[PDB]
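Visitor: First to last, the protein sequences are chains A and E.
Under the authors' numbering, read the first sequence as residues 3 to 49, 55 to 204, 253 to 478, first letter to last.
Under the authors' numbering, read the second sequence as residues 27 to 538, first letter to last.
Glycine included, every Cβ here is placed at the ideal spot set by N, Cα and C.
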Amino acid sequence: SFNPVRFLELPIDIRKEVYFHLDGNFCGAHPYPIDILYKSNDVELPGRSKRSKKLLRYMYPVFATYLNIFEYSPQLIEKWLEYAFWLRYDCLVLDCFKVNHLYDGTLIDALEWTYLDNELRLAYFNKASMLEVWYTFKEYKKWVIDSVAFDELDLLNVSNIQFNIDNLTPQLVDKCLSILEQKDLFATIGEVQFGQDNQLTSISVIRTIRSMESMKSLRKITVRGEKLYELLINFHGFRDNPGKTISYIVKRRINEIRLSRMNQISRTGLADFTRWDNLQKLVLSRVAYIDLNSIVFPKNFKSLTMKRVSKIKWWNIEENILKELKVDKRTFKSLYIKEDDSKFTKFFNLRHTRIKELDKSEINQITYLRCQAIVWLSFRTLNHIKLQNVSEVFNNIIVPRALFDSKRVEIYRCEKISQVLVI
Amino acid sequence: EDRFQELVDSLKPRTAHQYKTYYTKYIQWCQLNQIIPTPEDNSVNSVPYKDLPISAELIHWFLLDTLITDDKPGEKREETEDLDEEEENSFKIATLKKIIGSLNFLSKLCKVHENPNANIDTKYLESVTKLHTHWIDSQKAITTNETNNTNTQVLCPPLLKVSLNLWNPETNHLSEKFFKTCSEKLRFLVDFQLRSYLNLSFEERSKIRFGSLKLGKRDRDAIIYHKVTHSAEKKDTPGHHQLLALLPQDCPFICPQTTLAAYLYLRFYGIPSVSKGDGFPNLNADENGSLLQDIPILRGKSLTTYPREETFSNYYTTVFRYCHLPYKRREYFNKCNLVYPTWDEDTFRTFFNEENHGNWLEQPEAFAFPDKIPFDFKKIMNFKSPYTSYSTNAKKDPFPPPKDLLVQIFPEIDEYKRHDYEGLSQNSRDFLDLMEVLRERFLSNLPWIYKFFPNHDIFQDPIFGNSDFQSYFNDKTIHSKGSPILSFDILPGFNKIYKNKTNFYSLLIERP
Numbered sequence: 003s004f005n006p007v008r009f010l011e012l013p014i015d016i017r018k019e020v021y022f023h024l025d026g027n028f029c030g031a032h033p034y035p036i037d038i039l040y041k042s043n044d045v046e047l048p049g055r056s057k058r059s060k061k062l063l064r065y066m067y068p069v070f071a072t073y074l075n076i077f078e079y080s081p082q083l084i085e086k087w088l089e090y091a092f093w094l095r096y097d098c099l100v101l102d103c104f105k106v107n108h109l110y111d112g113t114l115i116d117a118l119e120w121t122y123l124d125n126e127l128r129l130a131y132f133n134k135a136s137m138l139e140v141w142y143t144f145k146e147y148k149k150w151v152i153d154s155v156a157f158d159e160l161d162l163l164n165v166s167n168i169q170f171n172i173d174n175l176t177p178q179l180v181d182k183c184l185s186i187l188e189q190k191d192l193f194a195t196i197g198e199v200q201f202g203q204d253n254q255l256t257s258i259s260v261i262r263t264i265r266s267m268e269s270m271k272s273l274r275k276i277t278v279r280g281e282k283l284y285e286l287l288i289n290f291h292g293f294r295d296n297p298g299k300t301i302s303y304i305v306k307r308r309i310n311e312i313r314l315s316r317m318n319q320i321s322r323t324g325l326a327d328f329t330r331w332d333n334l335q336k337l338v339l340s341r342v343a344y345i346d347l348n349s350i351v352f353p354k355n356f357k358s359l360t361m362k363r364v365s366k367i368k369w370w371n372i373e374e375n376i377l378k379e380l381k382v383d384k385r386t387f388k389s390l391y392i393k394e395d396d397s398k399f400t401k402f403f404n405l406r407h408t409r410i411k412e413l414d415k416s417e418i419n420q421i422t423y424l425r426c427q428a429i430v431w432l433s434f435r436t437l438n439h440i441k442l443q444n445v446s447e448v449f450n451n452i453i454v455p456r457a458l459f460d461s462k463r464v465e466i467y468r469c470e471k472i473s474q475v476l477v478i
Numbered sequence: 027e028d029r030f031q032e033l034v035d036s037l038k039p040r041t042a043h044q045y046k047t048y049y050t051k052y053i054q055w056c057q058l059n060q061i062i063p064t065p066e067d068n069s070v071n072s073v074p075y076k077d078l079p080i081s082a083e084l085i086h087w088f089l090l091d092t093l094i095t096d097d098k099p100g101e102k103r104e105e106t107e108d109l110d111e112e113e114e115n116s117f118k119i120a121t122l123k124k125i126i127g128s129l130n131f132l133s134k135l136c137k138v139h140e141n142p143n144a145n146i147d148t149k150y151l152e153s154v155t156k157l158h159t160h161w162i163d164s165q166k167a168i169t170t171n172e173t174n175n176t177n178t179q180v181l182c183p184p185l186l187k188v189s190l191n192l193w194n195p196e197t198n199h200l201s202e203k204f205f206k207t208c209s210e211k212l213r214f215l216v217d218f219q220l221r222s223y224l225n226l227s228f229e230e231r232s233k234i235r236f237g238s239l240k241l242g243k244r245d246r247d248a249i250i251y252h253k254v255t256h257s258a259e260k261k262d263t264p265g266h267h268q269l270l271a272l273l274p275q276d277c278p279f280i281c282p283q284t285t286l287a288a289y290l291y292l293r294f295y296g297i298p299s300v301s302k303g304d305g306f307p308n309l310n311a312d313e314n315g316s317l318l319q320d321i322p323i324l325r326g327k328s329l330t331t332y333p334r335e336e337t338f339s340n341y342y343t344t345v346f347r348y349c350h351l352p353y354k355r356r357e358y359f360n361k362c363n364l365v366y367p368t369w370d371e372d373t374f375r376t377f378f379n380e381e382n383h384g385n386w387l388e389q390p391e392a393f394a395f396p397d398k399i400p401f402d403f404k405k406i407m408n409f410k411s412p413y414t415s416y417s418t419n420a421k422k423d424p425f426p427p428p429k430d431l432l433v434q435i436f437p438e439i440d441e442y443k444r445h446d447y448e449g450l451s452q453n454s455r456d457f458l459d460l461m462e463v464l465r466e467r468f469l470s471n472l473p474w475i476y477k478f479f480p481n482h483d484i485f486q487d488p489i490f491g492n493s494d495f496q497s498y499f500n501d502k503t504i505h506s507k508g509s510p511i512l513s514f515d516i517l518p519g520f521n522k523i524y525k526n527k528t529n530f531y532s533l534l535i536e537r538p
């Protein structure tokens, strides 16, 4: 028997570090994650009482949009529908949303607008794309936001809710945006997504774009397809398209662009962000191939994080360094590499990569600054890099000293990556 | 477990759980039909991935029995409103693409778990997807009449137009010398209904013989054209079989079986005074390939030959300028990309051998695959609806034909039935019972031919003006002379435009 009050009396750092590892899964009727359902010599298959018929007839058609996906093993659903009455009213769940909003959207990610039970209520999805918590906006402003926003007006405003089309049908996109139009809730949403599982966009995408100027609190735009990346957020050489594109006033507002799952961003010759002249961050989430010599990188952006990629080329900094100190690549690798591991190299582990470095004694302190100016000429004022899960970088990876210090570059899942030299 | 990382990364979590739902439906269907045996009852069954029977025909027969044979024996009758049915079969084609993708993913999952069975042969399912897409596009073409300025071709198809123009005994505007006799027009209609209903080409229409057409031992309504290739059309390994079928329509003027029987009657006999046929063959010393596989289904200049190509090209030109059709190259000369599937040796011998698959609770040859024929190709290429799938759509027969009119036409087959039916070769008595079925179809659909086209050359013989002929004519046309609308259907979309007699008579140029 778990005790909620004894949990809610201990202070807020421990509660953050509880709800950071409880990812979003507030329920006991969680689906199995999709790593054991494939790593198995077995297929879990179904094979139904007096009470469960009432729930599957009366509760279930309200939730038949987002929960018909889990029709395999319907013991999951007739376990789910007893959580579905009381889990959104739970004190642990509301405390998780309180310490989420008090730490600015860090703990559990991206509450989502949806339209179920005829209300236009919020929703929370876990990583398995299951709703668990659905709140209408009056209740969400009442008993989680106003329970932590007592008197300071820099915390009453709630502007982190995602929008996330491809969750729901385009007719429901239209009805959701109409009900969102008749209220003054465009400043409530914080980011939008894009789906659509030459220039032929879907109806829901056009409906989303034609009201995107009205937000005035929008950041963090994201798409999910290679046949949709080229159409609205890549420049592509197009300079005049009045309708169906993404309204240059609202290109200025956004902070980052997430690129969810694709094959290549440089399907054409150049994958240029010449516009979006105000974004600071960019996250490549599951793109298969990217070429760092094929992105144009706007005038002041800071972070290029990237994860789950399969092939990286690199900024080919080495080919410009070898013009400077004027050696061959074999002679460079044999003579001008020191591989120093003093103490900050050994702080973050990287037990699979071997971090290397040029010579302080065999380069005479100028053509050393030129060799560093090559690297800062090829980066063009970025700082945060964050290579997660990768494989088989083609060129060698070259990172400057001022950015490899202070943990501003960070290779996390080091399996096939190796030999990052730091200059 | 090397490939599991790029297997989860190929999908969303949402799409992965949708796909697991769809192949969970598939494995439930395979367990209730016992394609894969269940381990135990009243326990959680855990079937492996190593031994899951997956193929093209199993996926497609699942798609039949769940998605497109919409039986629903208490709730079939909710397909009345056109907009609701349009949304519902848009949902059907969406779930069709999703179940094909899910079972393709199940094949990709099972091939890494050491299962050598799951080869999808994806062009088969792409042909099925394009078939259902073309049917939904035909429903889109009827429900949207503001597409282009060719609305007369939106209402009447080229098939019904050319077919109904080729039932005319007079050709004062069709052709003066090219379509003189009714037998030449009926062999042109046989060529048109073996080209349009059956997507072959010119030389494969030249391959059609007498004994090639087998018979249905289950349903009897399908003309079983087993296109047998003996290891030489492009490839060795002798199993390359394209199975074809022709069913009796609702409209008697588009039925290929009555047309085929009429032209074989005008070739066996012809006209006793004007255009004599080729005469009745021997059918006594017929070795399997000696007399039946040498005489074509349509004659030409000589008695036992196949005609010249540009004569048929000029026939196509004169008919398509008579029917107002701009002629192209893809539809009537070359092979389309929307055809019948050709079966390779392993899946044609293995899947239909019932005694090697005796553990199954229901064999596919009995109900869903009528004599080695795909169901949806059968009832879409005949322009029907494959959704009822066990109804009496083809069994509509009011005022059935009597037994006295059976012996009055084709008496030689009665002579062979009173001869030794067993002592001849297999193609001989197969052709005999084939012509029996065709004679039954001809006697069925003959009174509409006599009523709407009385100038035809069948009745240029005073033995056909007997009492039983006109009696059956009046008994079939008794429900057609007092109603303003037609009693017989035309096409499953076009039963609310051409059901009236005015729109059907207006398609005829000469004598509406």
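Report yes or no: is there a C-beta of chain E within less than 7 Å of the C-beta of residue 78 of chain A?
Guide: For the purposes of this step, residue 78 of chain A is taken as the residue at position 71 of the first sequence. Flagged as an interface residue toward chain E: residue 78 of chain A, by a C-beta distance shorter than 7 Å.
Visitor: Strictly by DSSP, which residues pair up with residue 369 of chain E?
Guide: In the second sequence, residue 369 of chain E corresponds to position 343, counting from 1. Paired residue(s): E/267.
Visitor: With a Cβ-Cβ cutoff of 7 Å, do residue 180 of chain A and residue 186 of chain A count as a contact?
Guide: Here residue 180 of chain A refers to the residue found at position 173 of the first sequence. Here residue 186 of chain A refers to the residue found at position 179 of the first sequence. Cβ atoms of residue 180 of chain A and residue 186 of chain A: not closer than 7 Å.
Visitor: Mark residue 157 of chain A as exposed unless 16 or more other C-beta atoms lie within 10 angstroms of its C-beta, in which case mark it buried.
Guide: Taking the first residue of the first sequence as 1, we reach residue 157 of chain A at position 150. Exposed: under 16 other Cβ atoms inside 10 Å.
Visitor: Specify, as a first and last residue, the run of the alpha helix (DSSP H) that residue 461 of chain E falls within.
Guide: Mapped onto the second sequence, residue 461 of chain E falls at position 435. Counting along the chain, the alpha helix (DSSP H) containing residue 461 of chain E begins and ends at 452-478.
Visitor: DSSP beta-bridge partners for residue 296 of chain E?
Guide: Start at 1 with the first residue of the second sequence, and residue 296 of chain E comes out as number 270. Beta-bridge pairing links residue 296 of chain E to E/302.
Visitor: With burial defined as no fewer than 16 other Cβ atoms inside 10 Å of the residue's Cβ, what is the status of residue 322 of chain E: buried or exposed?
Guide: Sequence index remark: in the second sequence, residue 322 of chain E carries index 296 (1-based). It is buried - the Cβ of residue 322 of chain E has at least 16 other Cβ atoms within 10 Å.
Visitor: Tell me the residue span of the beta strand (DSSP E) that contains residue 276 of chain A.
Guide: Mapped onto the first sequence, residue 276 of chain A falls at position 221. In the DSSP assignment, residue 276 of chain A falls within the unbroken beta strand (DSSP E) covering 276-278.
Visitor: For residue 53 of chain E and residue 84 of chain E, which I take to be in contact (beta-carbon distance under 8 Å), what is that distance rounded to the nearest angstrom?
Guide: Translated into the one-based positions of the second sequence, residue 53 of chain E becomes position 27. Translated into the one-based positions of the second sequence, residue 84 of chain E becomes position 58. With a Cβ gap of about 11 Å, residue 53 of chain E and residue 84 of chain E do not count as contacting.
Visitor: Ignore the nearest five residues each way along the sequence and tell me which others in residue 224 of chain E's own chain have a CB closer than 6 Å to its CB.
Guide: For this step, residue 224 of chain E is matched to residue 198 along the second sequence. 270.
Visitor: Let me know if residue 362 of chain E comes out buried or exposed under the rule of 16 or more other beta-carbons within 10 Å of its beta-carbon.
Guide: Locating residue 362 of chain E in the second sequence gives position 336, where the first residue counts as 1. Residue 362 of chain E comes out exposed.
Visitor: Of the residues A/425, A/118, A/446 and A/257, which one's Cα is nearest the Cα of residue 177 of chain A?
Guide: For the purposes of this step, residue 177 of chain A is identified with residue 170 of the first sequence, where counting begins at 1. Closest option to residue 177 of chain A, judged by alpha-carbon separation, among A/425, A/118, A/446 and A/257: A/257.
Visitor: Taking the beta strand (DSSP E) that residue 138 of chain A falls in, what are its first and last residues?
Guide: Position 131 of the first sequence, counted from the first residue, corresponds to residue 138 of chain A. Per DSSP, the continuous beta strand (DSSP E) segment holding residue 138 of chain A begins and ends at 138-140.
Visitor: Touch check for the region 266-284 of chain A and the region 308-319 of chain A: three-plus C-beta pairs under 8 Å?
Guide: yes
Visitor: Taking 7 Å as the CB-CB cut-off, is residue 619 of chain E touching chain A?
Guide: Because chain E spans 27 through 538 in this model, residue 619 of chain E falls outside it and cannot be assessed.
Visitor: Tell me which residue opens and which closes the beta strand (DSSP E) that residue 391 of chain A is part of.
Guide: As a position in the first sequence, residue 391 of chain A is number 336, starting the count at 1. Careful: residue 391 of chain A lies outside any beta strand (DSSP E) and carries neither H nor E.
Visitor: Three or more beta-carbon pairs under 8 Å between the region 367-374 of chain A and the region 339-348 of chain A, yes or no?
Guide: yes
Visitor: List, in order along the chain, the chain E residues whose C-beta lies closer than 8 Å to that of residue 46 of chain A?
Guide: For the purposes of this step, residue 46 of chain A is taken as residue 44 along the first sequence, with counting starting at 1. Near residue 46 of chain A (Cβ distances below 8 Å), the residues of chain E are 70 and 72.
Visitor: Buried or exposed: residue 489 of chain E, going by 16 or more other Cβ atoms within 10 Å of its Cβ?
Guide: Here residue 489 of chain E refers to the residue found at position 463 when the second sequence is read from its first residue. That one is exposed.
Visitor: At a Cβ cut of 8 Å, what residues of the region 337-361 of chain A count as close to chain E, listed as they run along the chain?
Guide: 341
Visitor: If we cut at 7 Å on Cβ distances, does residue 39 of chain E have a partner in chain A?
Guide: Here residue 39 of chain E is taken as the residue at index 13 of the second sequence, counted from 1. Cβ-Cβ to chain A under 7 Å: yes for residue 39 of chain E.
Visitor: Take every Cβ of the region 392-402 of chain E, pair it with every Cβ of the region 241-249 of chain E, and state whether three or more of those distances are shorter than 8 Å.
Guide: yes
Visitor: How would you list, in chain order, the residues of chain C whose beta-carbon sits under 7 Å from the beta-carbon of residue 27 of chain E?
Guide: This model lacks chain C altogether, as its protein chains are A and E.
Visitor: At a Cβ threshold of 7 Å, is residue 259 of chain A touching chain E?
Guide: Residue 259 of chain A sits at position 204 when you count from the first residue of the first sequence. So, not an interface residue.
Visitor: Along the alpha helix (DSSP H) that carries residue 358 of chain A, what are the first and last residues, could you check?
Guide: For the purposes of this step, residue 358 of chain A is identified with residue 303 of the first sequence, where counting begins at 1. Counting along the chain, residue 358 of chain A falls outside any alpha helix (DSSP H), though it belongs to the beta strand (DSSP E) covering 358-361.
Visitor: Whose C-alpha, out of A/44, A/139 and A/48, is nearest the C-alpha of residue 139 of chain E?
Guide: Taking the first residue of the second sequence as position 1, residue 139 of chain E is located at position 113. The shortest CA-to-CA distance from residue 139 of chain E to any of A/44, A/139 and A/48 is the one to A/44.
Visitor: Per the contact definition of three or more C-beta pairs closer than 8 Å, is the region 504-512 of chain E in contact with the region 148-159 of chain E?
Guide: no
Visitor: Which of the three DSSP states, helix, strand or coil, is assigned to residue 313 of chain A?
Guide: Within the first sequence, residue 313 of chain A is the residue found at index 258, counting from 1. Looking at residue 313 of chain A - three-state DSSP - the assignment turns out to be strand.
Visitor: Is the shortest distance between the beta-carbon of residue 47 of chain E and the beta-carbons of chain A less than 7 Å?
Guide: By one-based count along the second sequence, residue 47 of chain E stands at place 21. Yes, its Cβ sits closer than 7 Å to a Cβ of chain A.
Visitor: Does DSSP put residue 519 of chain E in a helix, a strand or coil?
Guide: Walking along the second sequence from the start, residue 519 of chain E turns up at place 493. Coil, per DSSP.
Visitor: Which chain A residues are close to residue 30 of chain E, counting only those with a beta carbon under 8 Å from its beta carbon?
Guide: Your numbering for residue 30 of chain E matches position 4 in the second sequence. 37, 40 and 41, listed in chain order.
Visitor: Going straight from the alpha carbon of residue 241 of chain E to that of residue 192 of chain E, what length do you get?
Guide: Taking the second sequence and counting its residues from 1, the one referred to as residue 241 of chain E is at position 215. Taking the second sequence and counting its residues from 1, the one referred to as residue 192 of chain E is at position 166. So the alpha carbons of these two residues sit roughly 27 Å apart.
Visitor: According to the Cβ coordinates, are residue 473 of chain E and residue 457 of chain E closer than 7 Å?
Guide: Against the second sequence, residue 473 of chain E aligns to sequence position 447. Against the second sequence, residue 457 of chain E aligns to sequence position 431. No. Outside cutoff.
Visitor: At the 7 Å Cβ level, is residue 64 of chain E part of the contact set with chain A, yes or no?
Guide: One-based indexing of the second sequence puts residue 64 of chain E at position 38. For residue 64 of chain E, the answer is no, since every Cβ of chain A falls outside 7 Å of its Cβ.
Visitor: Name the chain E residues that come within less than 7 Å of residue 56 of chain A, Cβ to Cβ?
Guide: Position 49 of the first sequence, counting from 1, holds the residue named residue 56 of chain A. Near residue 56 of chain A there are no residues of chain E at all, since even the closest Cβ is about 16 Å away, more than 7 Å.
Visitor: Spell out the partners DSSP gives residue 374 of chain A in its beta bridges.
Guide: The count along the first sequence starts at 1 and reaches residue 374 of chain A at position 319. Partner(s): none; residue 374 of chain A has no beta bridge.
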